[PDB]
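For reference, the structure is listed below as structure tokens.
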Amino acid sequence: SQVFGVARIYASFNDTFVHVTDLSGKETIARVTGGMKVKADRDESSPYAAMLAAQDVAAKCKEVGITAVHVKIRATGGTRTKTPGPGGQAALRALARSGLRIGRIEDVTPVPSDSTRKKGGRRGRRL
Amino acid sequence: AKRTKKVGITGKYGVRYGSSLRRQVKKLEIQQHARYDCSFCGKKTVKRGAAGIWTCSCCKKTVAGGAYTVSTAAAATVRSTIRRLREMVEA
Amino acid sequence: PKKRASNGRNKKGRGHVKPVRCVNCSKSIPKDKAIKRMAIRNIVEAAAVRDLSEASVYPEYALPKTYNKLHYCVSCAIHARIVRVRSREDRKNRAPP
Amino acid sequence: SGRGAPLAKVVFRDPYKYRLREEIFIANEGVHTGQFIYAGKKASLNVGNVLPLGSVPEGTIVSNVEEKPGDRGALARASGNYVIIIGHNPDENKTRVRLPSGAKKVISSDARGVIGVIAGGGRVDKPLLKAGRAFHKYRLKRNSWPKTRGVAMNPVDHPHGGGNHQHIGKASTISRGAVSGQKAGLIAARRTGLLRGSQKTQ
Amino acid sequence: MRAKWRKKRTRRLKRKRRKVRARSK
Amino acid sequence: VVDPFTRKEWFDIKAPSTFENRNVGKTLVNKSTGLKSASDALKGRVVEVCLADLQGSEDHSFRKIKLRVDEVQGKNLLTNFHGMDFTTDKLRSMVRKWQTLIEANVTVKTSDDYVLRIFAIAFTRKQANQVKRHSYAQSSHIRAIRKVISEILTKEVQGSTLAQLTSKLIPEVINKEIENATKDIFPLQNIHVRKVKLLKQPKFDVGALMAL
Amino acid sequence: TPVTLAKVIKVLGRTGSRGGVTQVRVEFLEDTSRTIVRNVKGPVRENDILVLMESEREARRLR
RNA sequence: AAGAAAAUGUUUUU
RNA sequence: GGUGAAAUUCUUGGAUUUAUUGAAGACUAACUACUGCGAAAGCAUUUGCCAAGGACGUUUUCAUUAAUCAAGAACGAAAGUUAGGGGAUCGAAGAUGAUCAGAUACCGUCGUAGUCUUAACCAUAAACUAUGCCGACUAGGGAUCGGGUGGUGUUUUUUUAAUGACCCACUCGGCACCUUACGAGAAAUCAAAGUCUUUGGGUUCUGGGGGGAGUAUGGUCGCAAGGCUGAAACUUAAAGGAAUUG
Ligand SMILES: [K+]
Ligand SMILES: [K+]
Ligand SMILES: [K+]
Ligand SMILES: [Mg+2]
Ligand SMILES: [Mg+2]
Ligand SMILES: [Mg+2]
Ligand SMILES: [Mg+2]
Ligand SMILES: [Mg+2]
Ligand SMILES: [Mg+2]
Ligand SMILES: [Mg+2]
Ligand SMILES: [Mg+2]
Ligand SMILES: [Mg+2]
Ligand SMILES: [Mg+2]
Ligand SMILES: [Mg+2]
Ligand SMILES: [Mg+2]
Ligand SMILES: [Mg+2]
Ligand SMILES: [Mg+2]
Ligand SMILES: [Mg+2]
Ligand SMILES: [Mg+2]
Ligand SMILES: [Mg+2]
Ligand SMILES: [Mg+2]
Ligand SMILES: [Zn+2]
Ligand SMILES: [Zn+2]
């Protein structure tokens, strides 16, 4: 009854991606980011920008024919953050409110069994 | 008795060519003239002919090797890689 | 003098402990000395658990949690208020709040 | 003579006449006398075997690689040199390889190569240490040694010749569009000076 | 002045003094 | 100016032969044309779909299944098993402090032609009357438990085909066998087969593909 | 222009660097089974009707 | 969740 | 992309994102602890091989074979040097962008050496518990690691039972911890920093106000950087430790 895709919310810091794709992931549908919705070079990670981007992506999904999305949330991961940005939460809520059905929430943040040497030097960013 | 303190094989070169170059030549000449264990007959009878050729005085087997040593690290790594790929292909 | 009875870390009988990187500034800190806080936070709260439940296609999904162990250097922990400066007598209280 | 890498004499049977055909391979390191060499599409992935590039897995190290199927070996023939299989393209059958210089090349999957690295490696790590040893090295290769510097000549002899001090006089970087007799120095140099930076440009 | 950088400065002075000593004979 | 989704045609994935249910969803691809066939664009796609969505039973909320397309038969993508993995949330929930984590992995060829690597996990637990608050293992028992688990996995694979191993993973009987064979060493609350990785496939063999 | 109104059911507290705004737990007049936290700058009390341009906007604290 | 800048102050005397 | 904000930079030759594969090198997350092993530096994936070791048990053996140790040796983090290999990430130098009054700094993007490995050097760290090693004695308490003994012990199936885990009691050895201090200390604090003017169990090393100075010179080691040994002239009334109130 429902057509399932994948939601693929990448909430980094400084920006957020809402990437709706097919079940396989090869074919993409309306990848829209908060940088496409606001123009300040600093607000890409704003929850308002994330909500606007998610609303546009969900509208395009409903016009293409997608009814529900299996949600995969991820952060920058690797060696950098492992913590979702502020905008992924707003993106998920906006996708839920824009009429799309939501299924199978999953965190796919890339977590190493151990890392390459982290950026910043041993003493880190000294601000 | 010990005849030279540090020059060793390069004592034939006298004071010429510089200490650093004589040191490098010492290292590679020692490798080149060392006697090696035969992988087939189990004896320490493998010596270099020309560069890259290592012949065993017993059992007369000849093996292609490095210029100054029987097996280079590159060839050891290549042997390991080819063994892994071969095991993957046949398994 | 010596501020802390054992040390500003937890290492007795070892000599060396492998370091960990601060999540906030990337400073290199030994694993024992780093301030480690575990986060089991619900993956979607957003004051919107009921909203996601309404939008869901599965009845009683039982949404997951996101797990993340954060390691902080002393400076970053103090600045971000994971830990606070305590009095001489309060420093000796290892129990969590 | 004149070659750093040793050669391996490998005897095959003639499939169409009763006789032996002896071939002169470049010995890969680890190959020994009395060893059986298997050459063909169905040969196993053992050191010394000759296989088409399309029949080997990714990351395989090969030597004496063919640029075209049947040219009998053009790439990775000097001592210690080797080619890595870095990709396959089953349709329009081609194999991507990385050459010793680091260049990426696309070769037909029917081109052949020998498993392993060319023997005699590490040859250039030993200082020649003597003008005489350089003399004997080039005595068996060609008449290209010793080399007189162009600045040490007269103006009739070389572009760099002449002058009351030994100096080039003009930029030694020479255009690719220069003609014969002008191409002395650094031909079509993209840059000069002590190399600062990395290799394998994007 | 930090003792580490004072040590570094003293090392530099020692190398300079040794070099001048060697230049003289 | 392009609107590329008008030239795309929809396919339905008839993913399994044996899990519970054939229909897992749909995918889209460009309309097959002179030089870029839709069948070539497909047949390499991988869909990761929840075992709960396969079986209709919510007790499989973890254990996602990987299925890659092998063939096209009239808008139907027939797939076969490509790998199995637990969910990150479930793995992190199982991993807790004040207990020993046991991880084993084996590489083994299935009965017919398939090469797999099985990743199994276990966790130490306290006894019912235990007072000590961590319940750690002594690492020699850990070696014995790893040996037992490896033997069990080696026996269960290579005596069964890939389909039989799938039909054995779904009811989770290997977990109970590991529990029974390791109970005499430690309780080991949380035996699970956390991952199955497909390392090498045999020749395509559409004949055994068409077993659904 | 989207139309939505709400009624504050609880006052959270003062907010802002200068203390200029106040956080209110506010319940939508239509679909009363829905509550959000909002930031309002003027003087407010309990049981006050406000007008919202957007419905889905979590108002966070102002550092 | 986080949030821009801030160098300097003669000697002796209390 | 990046930041508090920027900018350098990439980008309709399709950047970022997604999917399927593959390669390379590093590393060994979570489990991970006031937990373990080692002489220290250190040591965290599986399995195999090789030798090694502590604690315990012992109605085993030898019988003083022992403690600490100038001279003398083995090992010795990181950085650094030489020659090969390798060079994914980070990244002294360097190149750029911004800030600034200046900013060849913090911040940002690259990036050589280095980071990894083999064969050699180097032999230094806030190499720290700033607490030499061996031995005896002097409080109370609960945990925990390894071994052993005992129990009408709980749970687990073998077939009565037994190994396994667990509970309780005892004991040896260990990393530690809490309380109080008979006592000690300038105090911070200390079960050793106690058994100390009521001063002696054995032994090694080191210091004699602060600078000059780990410098000059000599020797010695090292390829080098430097290491070890190591003054004085001269100058100075303080420098320093702990704690108290502002
Ligand atoms: K930010
Ligand atoms: K000239
Ligand atoms: K590098
Ligand atoms: Mg931006
Ligand atoms: Mg700061
Ligand atoms: Mg202080
Ligand atoms: Mg240390
Ligand atoms: Mg020349
Ligand atoms: Mg010349
Ligand atoms: Mg002349
Ligand atoms: Mg001329
Ligand atoms: Mg000219
Ligand atoms: Mg003043
Ligand atoms: Mg691990
Ligand atoms: Mg342990
Ligand atoms: Mg001594
Ligand atoms: Mg500048
Ligand atoms: Mg090094
Ligand atoms: Mg010292
Ligand atoms: Mg000391
Ligand atoms: Mg003081
Ligand atoms: Zn022999
Ligand atoms: Zn930090």
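Heavy-atom basis, side chains included; hydrogens, waters and symmetry copies ignored. Each chain gets a letter, A, B and so on, in the order the sequences are listed, and its residues count up from 1.
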[X] side-chain N/O to [N] phosphate OP1/OP2 under 4.0 Å:
X      : N        : answer
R18(E) : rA225(I) : yes
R42(A) : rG3(H)   : no
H82(F) : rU21(I)  : yes

For [X], report the nucleic acid contact type (base, sugar-phosphate, nothing); a contact means any heavy atom under 4.0 Å.
X       : result
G122(D) : nothing
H88(D)  : nothing
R61(G)  : sugar-phosphate
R94(C)  : base
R14(C)  : base
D125(D) : sugar-phosphate
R125(F) : nothing
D32(C)  : nothing
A137(F) : nothing
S19(B)  : nothing
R92(F)  : base
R88(C)  : sugar-phosphate

Which of residues 75-83 of chain A have a heavy atom under 4.0 Å from RNA chain I?
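Correct list: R80(A).
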Considering all heavy atoms of both residues, which atom of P127(D) and which atom of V25(B) are nearest to each other, and what is their separation?
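That would be CD-CG2, 3.9 Å.
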Distance, rounded to the nearest Å, where [X] contributes [atom1] and [N] contributes [atom2]:
X       : N        : atom1 : atom2 : answer
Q130(F) : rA165(I) : CD    : P     : 11 Å
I84(D)  : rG86(I)  : CD1   : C1'   : 12 Å
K33(C)  : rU129(I) : NZ    : P     : 12 Å
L85(B)  : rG22(I)  : CG    : P     : 11 Å

Can you tell me, in whole Å, how much space there is between the P of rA78(I) and that of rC34(I)?
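29 Å, rounded to whole Å.
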Decide if a Watson-Crick or G-U wobble pair links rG200(I) and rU28(I), counting it only when both distances are under 3.5 Å.
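In fact, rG200(I) forms no Watson-Crick or wobble pair with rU28(I) that has both distances under 3.5 Å.
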Annotated structure of RNA chain H as dot-bracket, pair cut-off 3.5 Å, Watson-Crick or G-U only, | for inter-strand, is ..............
Tell me which nucleotide, if any, is Watson-Crick or G-U wobble paired with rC170(I) when both distances must be under 3.5 Å.
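Check on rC170(I): paired to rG148(I), both distances under 3.5 Å.
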Please tell me whether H192(F) and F86(F) form a close aromatic pair, meaning their ring centres lie under 6.0 Å apart.
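For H192(F) and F86(F), the ring centres are under 6.0 Å apart.
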Could you tell me the separation between the NZ atom of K14(E) and the CZ atom of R21(E), rounded to the nearest 0.5 Å?
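That separation rounds to 12.5 Å.
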